[PDB]
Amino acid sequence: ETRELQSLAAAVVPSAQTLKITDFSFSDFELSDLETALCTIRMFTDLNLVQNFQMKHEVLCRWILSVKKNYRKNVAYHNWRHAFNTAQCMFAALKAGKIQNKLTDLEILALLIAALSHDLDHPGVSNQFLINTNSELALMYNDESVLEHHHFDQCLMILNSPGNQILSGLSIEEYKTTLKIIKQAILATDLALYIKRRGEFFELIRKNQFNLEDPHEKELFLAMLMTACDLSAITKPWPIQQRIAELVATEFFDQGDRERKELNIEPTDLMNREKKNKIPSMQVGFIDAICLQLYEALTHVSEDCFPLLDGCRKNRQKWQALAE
């Protein structure tokens, strides 16, 4: 809608202080859709992206609304609020977490765009489901990071749309570098790619060989940072984390309902509402095997990222208290 764009573009953008976007503890629960969009403008503004890249206000506002409308409203978890929270975590890690100091303006621009765009048009079902139902998307991307390639395709489509070209002011070499970083950052949100590459990151930190001047190490770090932001709701203060965990389970159970109807199978425990009693133990297993070492590794990179680790540890203990 053209009225919604005009409303957003004509609105006063409150400070980062007022919006509380610098806090790792931030919750979007009390915010209206308009407030999330103003928070998003504030993120680009305070990371010096609007001034640096000569972004026109109306074009940025149109792009933010185009990204928001390209998230489905019938998906419990992978909707606009999740993408918005991922970008807010990116902003907090860059500012309060001091990750901004370690990156170029181009890498920050690409990371913020990628965080907001990483789950575009998520259908509320996994890669395995798309492969299982012989989806045209699974065929195009040979069953590898299917959704992630589709999120990037949607990201590119919006970036190329008339009136939405926030990268129009970049030089050719900057534009090509940015799209490359965005693609790798979105593809990194595939947990199978995270498992595949994390060992290398953890060894580089352990051996004190971590060097962001090495282009391979920079790309690897950007990928790890994308996963850290993606999973960040798991580090939130318990009441916030618990409410988001309810949405995560709702979406997995919604998939299980589709699997029973369309595939005639008993879903895996993760996607089986009948086995909802497994939630606390599965949350503990997932935090231990996936989350903890990531937040520890990020804290080793920048000590100011510690609140993400602290929150992750406190939630692990609370889930374990429910599981045992």
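Heads up: residue numbers just count along the shown sequence, starting at 1.
- The PDB entry reports B-factors from which the mean C-alpha value can be compared for 260 to 268 and 62 to 70; the larger average falls on 260 to 268.
- Two stretches are in play, 226 to 234 and 138 to 146, and the higher mean C-alpha B-factor belongs to 138 to 146.
- The entry lists C-alpha B-factors for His216, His82, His151, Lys183, and the highest of these is at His216.
- Ranking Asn52, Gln255, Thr40, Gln283 by Cα temperature factor from the entry places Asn52 first.
- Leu31 sits in the highest third of its chain by CA B factor, as recorded in the PDB entry.
- Ranked by Cα temperature factor within the chain, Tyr77 sits in the lowest third according to the deposited record.
- When the CA B factors of the chain's modelled residues are split into thirds, the value for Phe210 lands in the highest one.
- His122: CA B factor lies in the lowest third for its chain, per the PDB record.
- For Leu204, the recorded CA B-factor ranks within the highest third of the chain. Only modelled residues enter the ranking.
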